RNA sequence: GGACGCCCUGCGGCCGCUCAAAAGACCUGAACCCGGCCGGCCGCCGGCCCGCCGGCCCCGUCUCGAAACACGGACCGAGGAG
RNA sequence: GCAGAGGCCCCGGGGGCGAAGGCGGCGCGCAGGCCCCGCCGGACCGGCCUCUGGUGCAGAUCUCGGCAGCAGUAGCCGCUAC
C-alpha cells in the first residue's frame, strides 16, 4: 500500500518540497502525502495473544466461581436476583429440550426478571460496529452449568443465557467484562461434580482462603487490640496571632501582671 | 523570595503504602497502620513498612535459616513479612511458631509435622498486635543475582563480574592485560 | 444462533446477495402471507406474489385491496391496482405507488396449473416435516 | 499499553524528550557495538572487561553430552529419600539395612560435599566422588560406592 | 431553593484564550501552553495575555456550583432521578439534550413528587 | 546503554524482499483440527487395526539419558527370532521391523522380546465381530 | 422529476404545484471568501457602559543572543510524524 | 479529549414527542474540555467500570482540495484594410 507507485524526489531547486513526487509532480510515498504509505504500517507480527500461567488461569476461574457465590457481588454485577431463593442456586433439572419448559424453570427458580432484562435490552450498537457484524447488543444474564443433562437445546434460544459444561468452565463467561459476579444456575449434577473437577486438575491445590475487611475490622475492635492502644497526649492549641496592646484581655493573657 | 535552598537537602521518597493489587496485603497494612498510630510501638512501625516493601526488598526465609536464627529464642514467635520456603537439606526441622505472609506447601507441612504453628498476620494482629514475645526476621536482600552484577566490572577495584559472555583477554586476565 | 459455517452472517454479504439475487431467489424473496381463508385451503403460510393475485395492504401508507398487475422484481416491489400516487392534473395516466410484497396479505391467487402443482409439492414436504421428521 | 505509555504524554512538546540542541538523528554513535576500541573505548573498558581478544584452546566440535556432569551435594542426598521412608530410616539407624541411594538414577554423576549428612549410615553409589564428600559420608558411618 | 452557602468568588471572569488566536482562524481559542523558544507569552512580558495556573482555582466549598446555589446532576431516566431524590438538598437536575419532549413530562412529574429542582425544565416547550 | 549484555540477536534478513523468512502461527488452532480429522479418517479406514504399529523400547542415547528408555523405530531381526516371527509376518501383525538396528546389548534383546510377547497376547488377528473390536488409540504399549 | 395560470419575440421570469420536506440534480452543508440589508469605527489584555485611559514588536526555529535587513509561513479545510 | 471492544445503565440506557452533525447563546471547570438551551438537521447515540490503538496539529520550500487580494489589472500591437 502506498508503495505501488513510482515517485522520486523532484530535487532541491524547483521551488517544491523535497517529498517524493509522481511524474506529474504529485506528492507520493509519505505519511503526509495523499495515497502515501502509513509512516509505520500495521503488521500481523504484533503479538495478538498474551500468555498466562495455568495456576494463574485456574486461580481466576476459581475466584470468579467464588464471586458468583456472593449474593451482593452478584447484585452489584447488575444481575437481578431478588426472586432467586438462594445463591448459590442449584436446580434439579432433567433433560430440558423445550424453551417453553426452560422458561417455567427460569420462572419457578426465580431468574425470570433477569432473563427478561436481557430480552428487553436488544438494541443496535453505537458506531461502525453496526457495520462490522456486531449490530445488536443484549445484556448478559444467567449462565447454566450442566453435567450429564441435556439442558442445552431448551435454555439456548432463551436470551442473555450462556451454557457451560463443568468440565470446561470459561472465565470470560464467569466474569463478563472483567466484572466478577455472574448469576449461575447450576444443575444438581454439576454442583455435585464441582469437587471432582477440582480433584481431576492433576496437582492443583486450591488458593488458600484469606480473610476480608469485616474480619480485620472486627479484630481492630477486639478486646486484645483495643486494650493495647495508648491514648496519645492532648493536641497543641494553635490560635491566630493577635496584637496584645489592642485588647487588655490579650495583654492579660500574655502578661497577667 | 526566600532562600530555603542553602542548607535544605531535597526531600527523600519512601513506600508509605503498598503498591500490591492483592487486597489482603493492603488490608493488613491499613490495620497495622491503625495499631501503630493507636499505640506508637516500634514492632508495629517496623511491620507496617515491611508490608509496604517491594518483592525484591522482601526476600524468602527458609525453615533451615529460621531454626538457626531461633536456636536460643525457641519460645519466641518469628514474624517474617515474606514467603517462608523449605530447605530439603535440613532433614530434621525443629518445632517453632512462625508468622509469615505466605508459607510454601512444603514449609507448612514440614512445620506442622514437626509440631509448630504457621500463623498469619490476621492471627498476629488479634493475638499479638504489638508483637509481644515476637522476633521479626528478614532474609538476605543481597542474595539476588541482579545485586551481584551492580557496579562497574572493569575498574581495578570493581570486585564485580561482567554481564555477558565476554570470551576474551583484554582486561580480564589481570591488572596489566 | 446459526450453527452452519457455510451460511454468512456478514451484513455486507447478506446485503450483496439481496441486491444481487438471481431472479428465482428474488421471486421467493418476494412472498406474501396467504390469507387466513386461503391458508386453510392450501395449508401453506406464504406464496410468492404473482400477476393477477388479489392482495390487501395492512401497512398504513397507500393501504387498500387490489390486483397485482405489475411485479417490479428489480426494486423488489409490486404494483397493486388502486394503489396510485396523486396525479398532478385529472386527465393524466395513473402512476402506481410501488408496494413491498411483505406489506400485503394474499386474498386470492391466480391459480394456473403450475401453481396447483407447486402448492402441492410444498404441502407434501410440509407433511414430511409435520410428521416430526 | 499505548494509552498509559510516556510517549503519549510528550505530545505538544516538539522534540518529544530528545533535546532541541541535538535531537533524534539516525545512528549518531554508529550502528551496533561499533567503535569499542576507538570512540566507545570508555564503555568497553568500564563495564565489559575481556571483550577483545582470544583466550584458551578451541574445541572444533564440543560433545555436549560427553562433557555433561550433573553434581549433587552430601546435603541434598537425604532429599532424594522420600519423606515417608526417610523418617523411619533415621530413627532405626542400623547397619544391615541402611538406605542405598544411587544418585545416577536421580540424574547426578558426581557427589560433592557442601553441607552436613544427617548422622545415620547411608550407602551412596555414583560415577565419581569428591574427597570431602567421601570423608563426610565415611564419618557418618556410610560407604561411598561406584555404580555400573 | 438551596441551602444558603458562601459568596461564589470567581477569580477570573474571562476565558483563557491561546496566544495569537486573534490573528489566525487556524489558531482556535482553546488554551494550548505556550512553549516557544522566543515566546512573549511563556516569558510573561508586560501586556501579554494571562497564563493558566492552579492559583485561579475556586474555593472547594463552592467549586462546580451553579449560580442557583445547587450542583448539577444530569438525569436521563426516572430511575436515575431517584438518586437525586435520595437525600439530596445540595443537587439539581439537568435532563439531557437527548430525552424527548414525551419523556421530559414524566421526569418533571417525578421531580415534582420528590421536590428536586430541574435546571432545564422549560425545555422542549 | 551502560552495563548491558551485548545482544546475540542476528539482524533480520530478507525483510522486504526475497524469500519470506517470517512464519506466522495463526494456522495453529486450525492445524490441530486438520490432523485430528486425518487420524479419524485413517482410523475409520482400518477400524479394528490401531493407528500406530508396535515399536521397540530403546535406551535414550548419550550418558545424559542412558538410564531412560523411549519408543524407537523397529524391532531387530534378532529380537523377532526370539518371538519366532519373520520380518514380513511381523509387519502384517502391525509390528515395525528395523533391519539396520543391531541389538548392542543382551539386555536390549530381552526387553524387546518381552515387548513382542505382550503384544502377541494383545493382538487378535481376524481373517460383525470386527465391528465390536475397540480400536486402540495412541502408542501401542506406551 | 416539477399541475396550473400570468408575463415574455423567445429563453427565461413569476405564482405555486408533486412531497413529510424540495430534498429540484440533488442528504447534511462547515471554514476561507463574497453580495444585499441593518448596526459600528474598528487589533489584543485590564478598568469602567463602551470609547477613552493605561499596557502590549511576528510567531515557529536553530542560536551567546531574533522584531530582525536570518529562515519557513496569502488564507481556509481535511490528511500529517517514536 | 478521540475511535473501537467486553460489561453495566431496577421492569431494563437515551432516540421521527427528533440521533449524530452544523450554527448562535448561557452555564460549569485553573485548564484541556464539558454541559444545556434555541435554530437548522433527519437516524442513530452514549455516561460509567475494564480493555485496545493508525488516538489530539499552526508551522515541515508539508500533501490534496477549495480559493482570496492584486483586478475589471497585465494583456487581447507579426502577416499593409477595410
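Derivation of every value follows stated rules applied to the coordinates shown; laboratory data play no part. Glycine gets a Cβ as well: all are built from the backbone with ideal geometry, and neighbour counts include every protein chain shown.
Figures for the structure shown
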| quantity | calculated |
| --- | --- |
| Filtered residues of the stretch C:41-54 (kept if outside any loop (DSSP other than H, G, I, E, B) and touching a helix residue (DSSP H, G or I) at 6+ places or on another chain (Cβ under 8 Å)) | C:42, C:47, C:48 |
| Selected residue (criterion: farthest from residue B:148 (Cα to Cα)) from residues of the stretch D:18-55 that are over 39 Å from the mean Cα position of the chain (by Cα) and surrounded by 12 or more Cβ atoms within 10 Å (Cβ to Cβ) | D:23 |
| Which numbered condition residue B:113 fails, given (1) within 14 Å of chain D (Cβ to nearest Cβ); (2) under 30 Å from residue D:77 (Cα atoms); (3) surrounded by 13 or more Cβ atoms within 10 Å (Cβ to Cβ) | (3) |
| When residues of the stretch A:160-184 are limited to those that are more than 13 Å from RNA strand H (Cβ to nearest atom) and more than 22 Å from residue A:103 (Cβ to Cβ), the one surrounded by the fewest Cβ atoms within 10 Å (Cβ to Cβ) | A:168 |
| Condition met for residue E:22 (at negative phi and either within 16 Å of RNA strand G (Cβ to nearest atom) or touching a strand residue (DSSP E or B) at 6+ places or on another chain (Cβ under 6 Å) (or both)) | yes |
| Count of residues meeting criterion [in contact with a helix residue (DSSP H, G or I) (Cβ under 8 Å, 6 or more places away or on another chain) and either surrounded by 13 or more Cβ atoms within 10 Å (Cβ to Cβ) or within 26 Å of residue D:54 (Cβ to Cβ) (or both)] in the stretch B:139-177 | 7 |
| Scan of the stretch C:59-82 for residues that are farther than 30 Å from residue C:16 by Cβ and buried (at least 17 other Cβ atoms within 10 Å of the Cβ), ordered by number | C:66 |
| Some residue of the stretch B:132-154 being outside any loop (DSSP other than H, G, I, E, B), more than 30 Å from residue A:223 (Cα to Cα) and more than 25 Å from the chain's Cα centre (by Cα) | yes |
| Number of the exception - residue D:62 against (1) surrounded by 12 or more Cβ atoms within 10 Å (Cβ to Cβ); (2) out of contact with any helix residue (DSSP H, G or I) (no Cβ under 6 Å at 6 or more places or on another chain) | (1) |
| Meets criteria (farther than 30 Å from residue D:112 by Cβ, more than 13 Å from RNA strand G (Cβ to nearest atom) and surrounded by 12 or more Cβ atoms within 10 Å (Cβ to Cβ)) for residue D:76 | no |
| Test: residue D:44 is more than 9 Å from RNA strand G (Cβ to nearest atom) and assigned to a helix (DSSP H, G or I) | yes |
| Unique match (being more than 28 Å from residue A:199 (Cβ to Cβ) and either within 16 Å of RNA strand G (Cβ to nearest atom) or under 35 Å from the mean Cα position of the chain (by Cα) (or both)) among A:87, A:81 | A:81 |
| Qualifying residue in the stretch A:6-14 (condition: in a loop (DSSP other than H, G, I, E, B), in contact with a strand residue (DSSP E or B) (Cβ under 7 Å, 6 or more places away or on another chain) and on the phi > 0 side of the Ramachandran plot) | no |
| Helices (runs of 4 or more DSSP H) within the stretch E:1-115 that include 3 or more residues surrounded by 11 or more Cβ atoms within 10 Å (Cβ to Cβ) and away from RNA strand H (no atom under 11 Å from the Cβ) | E:101-114 |
| Extreme residue, nearest to residue F:68 (Cα to Cα), among residues of the stretch D:68-117 that are assigned to a loop (DSSP other than H, G, I, E, B), under 19 Å from the mean Cα position of the chain (by Cα) and more than 11 Å from every other protein chain (Cβ to nearest Cβ) | D:108 |
| Selection within the stretch C:22-43 - more than 21 Å from residue C:124 (Cβ to Cβ) and surrounded by fewer than 16 Cβ atoms within 10 Å (Cβ to Cβ) | C:22, C:23, C:25, C:29, C:36, C:37 |
| Matching entry among A:34, A:50, A:21, A:46 (being within 12 Å of RNA strand H (Cβ to nearest atom) and more than 42 Å from the chain's Cα centre (by Cα)) | A:21 |
| Residue that is farthest from the other protein chains (Cβ to nearest Cβ), among those in the stretch A:187-239 that are outside any helix (DSSP H, G or I) and more than 30 Å from residue B:38 (Cβ to Cβ) | A:187 |
| Pairs, first more than 9 Å from chain B (Cβ to nearest Cβ) in the stretch D:35-61, second surrounded by 14 or more Cβ atoms within 10 Å (Cβ to Cβ) and assigned to a helix (DSSP H, G or I), C-beta under 7 Å, six or more apart | D:36/D:44 |
